[PDB]
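**Q** Before I ask anything, here's the sequence and the deposited coordinates:
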Amino acid sequence: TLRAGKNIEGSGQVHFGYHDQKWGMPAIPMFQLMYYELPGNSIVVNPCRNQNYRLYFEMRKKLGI
Amino acid sequence: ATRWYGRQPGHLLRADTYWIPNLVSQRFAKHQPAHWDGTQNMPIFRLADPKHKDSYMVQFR
Amino acid sequence: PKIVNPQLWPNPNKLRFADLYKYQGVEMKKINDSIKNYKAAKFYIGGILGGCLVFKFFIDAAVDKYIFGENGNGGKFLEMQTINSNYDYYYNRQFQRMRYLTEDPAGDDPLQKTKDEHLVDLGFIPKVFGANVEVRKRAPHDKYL
Amino acid sequence: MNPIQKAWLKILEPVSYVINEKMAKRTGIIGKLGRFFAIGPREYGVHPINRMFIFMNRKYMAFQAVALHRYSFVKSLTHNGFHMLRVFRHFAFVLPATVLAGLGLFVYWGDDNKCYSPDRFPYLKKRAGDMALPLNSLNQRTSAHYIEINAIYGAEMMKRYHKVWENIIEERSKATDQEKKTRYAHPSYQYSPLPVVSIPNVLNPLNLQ
Amino acid sequence: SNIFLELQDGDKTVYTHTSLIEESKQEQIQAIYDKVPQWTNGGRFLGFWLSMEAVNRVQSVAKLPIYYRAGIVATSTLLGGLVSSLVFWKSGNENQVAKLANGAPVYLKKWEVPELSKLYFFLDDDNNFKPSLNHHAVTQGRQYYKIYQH
Amino acid sequence: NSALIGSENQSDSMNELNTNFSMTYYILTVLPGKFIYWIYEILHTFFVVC
Amino acid sequence: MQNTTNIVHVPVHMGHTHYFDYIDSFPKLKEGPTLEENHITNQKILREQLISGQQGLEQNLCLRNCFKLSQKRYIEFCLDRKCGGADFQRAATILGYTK
Ligand SMILES: CCCCCCCCCCCCCCCCCC(=O)OC[C@H](COP(=O)([O-])OCC(O)COP(=O)([O-])OC[C@@H](COC(=O)CCCCCCCCCCCCCCCCC)OC(=O)CCCCCCCCCCCCCCCCC)OC(=O)CCCCCCCCCCCCCCCCC
Ligand SMILES: CCCCCCCCCCCCCCCCCC(=O)OC[C@H](COP(=O)([O-])OCC(O)COP(=O)([O-])OC[C@@H](COC(=O)CCCCCCCCCCCCCCCCC)OC(=O)CCCCCCCCCCCCCCCCC)OC(=O)CCCCCCCCCCCCCCCCC
Ligand SMILES: CCCCCCCCCCCCCCCCCC(=O)OC[C@H](COP(=O)([O-])OCC(O)COP(=O)([O-])OC[C@@H](COC(=O)CCCCCCCCCCCCCCCCC)OC(=O)CCCCCCCCCCCCCCCCC)OC(=O)CCCCCCCCCCCCCCCCC
């Protein structure tokens, strides 16, 4: 956020002013069943990317491969 | 411009064994073919946004 | 191999003090017992590697079958499926249009923009325009979301 | 002792002679230095890591024998061998399957070893210098085709521009000062000759082709 | 419906794909290829029944090694399915699929036959965002061989 | 913050007028009642889960 | 100003559920055809386009590639050099850029 052009006074996420805070997940089963941390490995490239390989199969036949 | 580009939601897999409701419900789900419509943004999964109806259980911090 | 001894102190007699000279041998005896197992496993491990080399040629043909398919037009590699219902799909599409139409207030710093007091002193008097109150923001086609 | 330590001794045979025979028995700081770096068998030379594997290998292997040594679920179905009523026979192959899956414990460790990581978001944060990125970074991308095709396109066309650039300079060299100052000039320009001066016509200042 | 067809244009042997045929007829073709195993499996039963009825009731084959008796039933089983497949195709089906392919494009070589579900296309903004094969990377065209007639 | 020692969360009701409409003698009447119900919730839980 | 502040231009309905905050529905959301229906619908367009829309295509592609140029003077040069001496307004009508 600093590199993106936003200078930061203070530190942390315990916002003293008029902002919403997000405390850490309470380490008790009640909250551990409703919530779970974001797994970065689940953010993926859309598989539509693989449909671009259709161009390759057509060019290969056009060139007689 | 940077904030705007960042709200364009990313793609998040529906597969989830961490939430016990999905751990059970997805065992009975039927995977149907998603026929390509000519785009690169088909939301065939859930979206990586806290306000999505299938991602609200995830903690974005 | 012979070890050089500075001879600063006399070593104990092996006959009178034998336990002091034993640990070295039992350590190598352990390693030798391990080597007997490494050698005895030459055929078991080799048979596996031989199977990997044979299995390698079937995987090559299955990859081409998986990617190119029957007639070189594409195989199951181009297939993609989903568990989302029809409502879930059109909900996500409208979720994309909403975030495309989700802006933040105040835009960027006007002080980082060209001043009207400066254009005057440069030779151009800007013309003041009115607000366009008749335009409605809408999302583009799905292909651009 | 192990073979690797014996190899060091053969290599350090002359060093052992200098430090032990000559230095170690000298007085003063030269002796303290030799007796300190004396060469021989290692005091406290055991390797705890190697010993740790041996312990965990033996402890986990005894668990494999218990989990794998089970009565068959198949043989208990006929009610003719050793098992008439076994209401939990369907649990017989749970631990064996669990132990066999342990062979992939290290092969599949972490996220990158369970998928093609370049298609996952964490891979990007690593290529950006372990820097946090917006979650939609995998989508806001320029076509890889354009980047590589345009790099070839631009270079292939520069080769054709170099040839055209030569014919233009050649044809302009045979042009009069009047033409090279009136052609492509503004209509409102009135040509006025300049004093003739000697200015070489060098294509490439550096002696290049 | 992903099926490659082999049609006879007189002396030529041409090839096509069901994806190149209207969906109204793809169902009629798929329904034909769905009745083949029931005619194949059905014929294997007769060849297995008639063979078992002969190697047992006829006291000339029953007085033979079991290996010879088992080979007849095994040979008659799959053989009864192949015969059923021929009667299924040759009767009125092999000629019907050819009729259902009337109007479809054909090709001289199987390698030239495209799968419509595998072709690349884009949504043309200049044509109401309709799907188009004539994408901005196209050069020449498709240029199939001919339209099938029967 | 009324239970914190040297609180620095001055924006969390520390510099605001915070009254209520509950019974007075809070630590003698209200606060014990919250602990009484607490003991009921946990005793009813132990007896049930056990 | 609040960091988690967003201005939305289309209606949204938020869920009134405990411990969760999300958009559960969009007012007046119509479910279009399924992916399998649009697929079949598109196959019919690609099929007719494959059989009846391939003749005279090489000429139209040259016109389309010429009209993707930056300046008009280069388009005219592209048409005269690559499209066999085609007219600017005559090609714009073929492509559908004329009113
Ligand atoms: C070119 C090749 C040449 C080929 C010829 C060469 C021939 C060489 C032969 C070599 C010998 C091969 C070894 C096998 C034969 C040996 C002969 C013999 O007598 O065996 C006795 C032998 C003696 O027992 P043992 O020595 O004491 O111990 C044996 C085991 O260690 C432990 O024994 P166990 O009995 O304890 O293990 C039991 C285990 C054995 O492991 C398995 O087999 C796994 C089974 C999992 C699948 C079970 C399917 C259940 C029914 C499904 C029905 C639908 C099917 C549809 C399938 C569609 C597929 C998409 O199965 C179970 O776990 C039982 C419980 C399973 C859960 C039951 C749940 C039922 C309810 C489910 C309801 C949900 C659906 C409801 C929907 C309702 C809607 C109507 O027992 C065996 O059978 C050994 C088999 C062990 C596996 C060996 C495999 C070796 C590797 C070979 C390659 C792999 C091939 C196998 C593929 C199988 C398909 C995946
Ligand atoms: C890579 C290659 C892969 C190849 C794979 C494909 C090829 C595999 C081949 C498999 C067959 C190999 C074995 C065949 C050679 C057998 C040669 C032989 O010597 O046998 C006679 C031999 C006679 O012994 P013997 O004492 O020395 O004979 C002295 C005198 O002849 C004794 O004097 P006798 O007067 O007392 O005569 C006794 C004789 C009497 O023999 C007879 O009279 C023949 C009667 C047979 C009637 C079968 C038709 C029944 C239905 C009739 C219905 C009519 C009424 C209702 C009509 C309503 C219509 C809707 O005994 C019998 O043989 C009767 C056995 C009855 C078997 C019934 C099995 C029913 C299965 C039904 C499903 C069939 C599916 C076919 C699959 C096709 C599609 C894949 O007995 C045997 O060796 C038994 C062999 C084991 C039986 C094999 C049959 C299958 C058993 C397992 C069940 C599998 C069924 C399939 C289920 C699949 C569905 C999921
Ligand atoms: C010649 C004659 C000369 C003399 C004639 C005149 C004599 C004097 C006549 C009296 C005139 C009226 C007095 C007016 C001045 C009051 C000034 C004052 O400071 O009062 C503040 C005090 C608090 O009021 P406040 O601060 O203004 O707040 C206003 C609202 O309350 C605020 O509203 P809120 O709802 O928010 O408040 C909640 C409410 C909560 O609701 C309640 O009121 C709680 C009630 C639960 C307890 C009720 C049972 C009490 C009696 C049990 C004993 C039964 C024994 C027999 C059982 C027989 C069964 C059939 O109130 C409280 O929380 C109060 C908590 C503070 C009191 C608790 C701690 C007291 C310590 C007790 C230890 C006693 C040990 C002995 C020590 C003796 C020396 C100090 O006022 C009173 O509590 C009035 C007390 C009246 C006495 C009631 C009967 C007591 C009987 C005790 C019998 C045992 C001793 C036997 C002696 C026998 C002698 C013959």
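**A** Great, that's in hand. Numbers count the residues shown, from 1 in each chain, chains lettered A, B, ... in the order given. Ligands and ions are numbered 1, 2, ... in the order given.
**Q** Find the closest residue to ligand 1 in chain B.
**A** Using Cβ to the nearest ligand atom, the closest approach of chain B to ligand 1 is made by residue B:27 at 10.2 Å. In short, each C-beta sits where N, CA and C put it, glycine included.
**Q** can you check chain F too?
**A** residue F:49 (31.0 Å).
**Q** Chain F: helices as residue ranges?
**A** Ranges of helices in chain F, per DSSP state H, are F:26-49.
**Q** Report the central residue of it.
**A** residue F:31 (5.3 Å; Cα atoms, centre = their mean).
**Q** And the longest helix along chain G, what does it pack against?
**A** Using DSSP H, we find that the single longest helix of chain G is helix G:35-52. Helix G:35-52 sits against strand B:32-33, helix E:23-57, strand E:130-132, with contacts defined as 3 or more Cβ pairs under 8 Å, 6 or more residues apart in numbering or on different chains; DSSP states H and E.
**Q** which other residues reach the next helix or strand after that helix?
**A** Per DSSP states H and E, helix G:35-52 leads on to helix G:57-66 as the next helix or strand towards the C-terminus. Residues outside helix G:57-66 that contact it (Cβ atoms under 8 Å, 6 or more residues apart in numbering or on different chains): E:134, E:136, E:138-141, G:75, G:78-79, G:82-83, G:86, G:91, G:94-95.
**Q** Show me which of the residues you listed are buried.
**A** Buried by 16 or more other Cβ atoms under 10 Å in any protein chain shown: E:134, E:138, E:141, G:75, G:78, G:79, G:83, G:86, G:91, out of the contacts of helix G:57-66.
**Q** give me phi/psi at the third one?
**A** Right, residue E:141. Dihedral angles of residue E:141 (phi, psi; degrees, to the nearest 10) stand at phi 150, psi -170.
**Q** Tell me who's in contact with it.
**A** Residue E:141 neighbours (Cβ under 8 Å, 6+ apart): G:54, G:55, G:57, G:58.
**Q** The same query, at a cut-off of 6 Å, please.
**A** G:54, G:57 (Cβ atoms under 6 Å, 6 or more residues apart in numbering or on different chains).
**Q** and if you look at residue G:44?
**A** Residue G:44 touches nothing, counting by Cβ under 6 Å, 6+ apart.
**Q** and the residue lying farthest from the centre of chain G, how far is that from residue A:34?
**A** Distance from the centre of chain G peaks at residue G:18, with 42.2 Å (Cα atoms, centre = their mean). Here residue G:18 is placed at a distance of 10 Å from residue A:34 (Cβ to Cβ, to the nearest Å).
**Q** Past the longest helix anywhere in chain D, which element shows up next along the chain?
**A** Assignment by DSSP H gives helix D:144-173 as the longest helix of chain D. Using DSSP H and E, the helix or strand that follows helix D:144-173 in sequence is helix D:177-182.
**Q** does residue E:15 sit in a helix, a strand or a coil?
**A** Of the three states, residue E:15 takes strand according to DSSP: H, G, I helix; E, B strand; the rest coil.
**Q** from what I can see it touches residue E:110, true?
**A** Yes. Contact criterion Cβ atoms under 6 Å: residue E:15 and residue E:110 qualify, at 4.5 Å.
**Q** what residues are up against residue E:147?
**A** Residues near residue E:147 by Cβ under 6 Å, 6+ apart: residue E:105.
**Q** Give me the residues contacting whichever strand or helix holds residue E:88.
**A** Per DSSP H and E, residue E:88 falls inside helix E:66-88. For helix E:66-88, the surrounding residues in contact (Cβ under 6 Å, 6+ apart) are E:39, E:40, E:43, E:44, E:46, E:47, E:48, E:51, E:52, E:55.
**Q** For residue E:39, see how far away the fifth one is.
**A** In other words, residue E:46. In terms of Cβ to Cβ, residue E:46 sits 11 Å off from residue E:39.
**Q** quick one: common contacting residues for the two?
**A** Counting by Cβ under 6 Å, 6+ apart, nothing touches both residue E:46 and residue E:39.
**Q** who has more neighbours, those two?
**A** Remark: of residue E:46 and residue E:39, residue E:39 carries more neighbours, 19 against 15, as counted by other Cβ atoms under 10 Å in any protein chain shown.
**Q** how would you label the residue lying farthest from the centre of chain C: helix, strand or coil?
**A** For chain C, the largest distance from the centre (Cα atoms, centre = their mean) belongs to residue C:16, which lies 63.4 Å off. Three-state call for residue C:16 (three-state DSSP): coil.
**Q** what's the burial count for residue 60?
**A** The chain I'm using is chain A. Applying other Cβ under 10 Å, we find 13 residues neighbouring residue A:60.
**Q** nope, chain E
**A** 8.
**Q** Could you measure from it over to residue E:54?
**A** 9 Å.
**Q** Backbone dihedrals for residue D:48, both of them.
**A** phi -60, psi -30.
**Q** any idea how far it is from residue D:2?
**A** Counting by Cβ to Cβ, the gap from residue D:48 to residue D:2 is 15 Å.
**Q** Who has more neighbours out of these two?
**A** Of the pair residue D:48 and residue D:2, residue D:2 is the one with more neighbours under other Cβ under 10 Å, namely 14 against 8.
**Q** any idea which helix or strand carries the residue in chain E that chain B sits nearest to?
**A** Going by Cβ to the nearest Cβ, chain B is nearest to residue E:123 of chain E, at 4.9 Å. If you go by DSSP H and E, residue E:123 is part of strand E:122-124.
**Q** How many neighbouring residues does residue 31 have?
**A** Went with chain A since none was named. 14.
**Q** Chain G is the one I meant
**A** Using other Cβ under 10 Å: residue G:31 sits among 12 other residues.
**Q** can you check residue A:52 too?
**A** 13.
**Q** Return the set of buried residues in stretch D:84-98.
**A** Per 16+ other Cβ under 10 Å, stretch D:84-98 contains these buried residues: D:89, D:92, D:95.
**Q** which ones among the residues you listed come in contact with ligand 1?
**A** The residues of the buried residues of stretch D:84-98 that also fall near ligand 1, by Cβ under 6 Å from any ligand atom, are residue D:92.
**Q** Dump the buried residues of stretch D:84-98 into a markdown table; add secondary structure as well.
**A** Below are the buried residues of stretch D:84-98 laid out as a markdown table (three-state DSSP):
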| residue | secondary structure |
| --- | --- |
| D:89 | helix |
| D:92 | coil |
| D:95 | helix |
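**Q** Could you export the buried residues of stretch D:84-98 as JSON lines, including distance to residue E:8?
**A** Listed next are the buried residues of stretch D:84-98 as JSON lines, based on distance: Cβ to Cβ, whole Å:
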{"residue": "D:89", "distance to residue E:8": "60"}
{"residue": "D:92", "distance to residue E:8": "59"}
{"residue": "D:95", "distance to residue E:8": "62"}
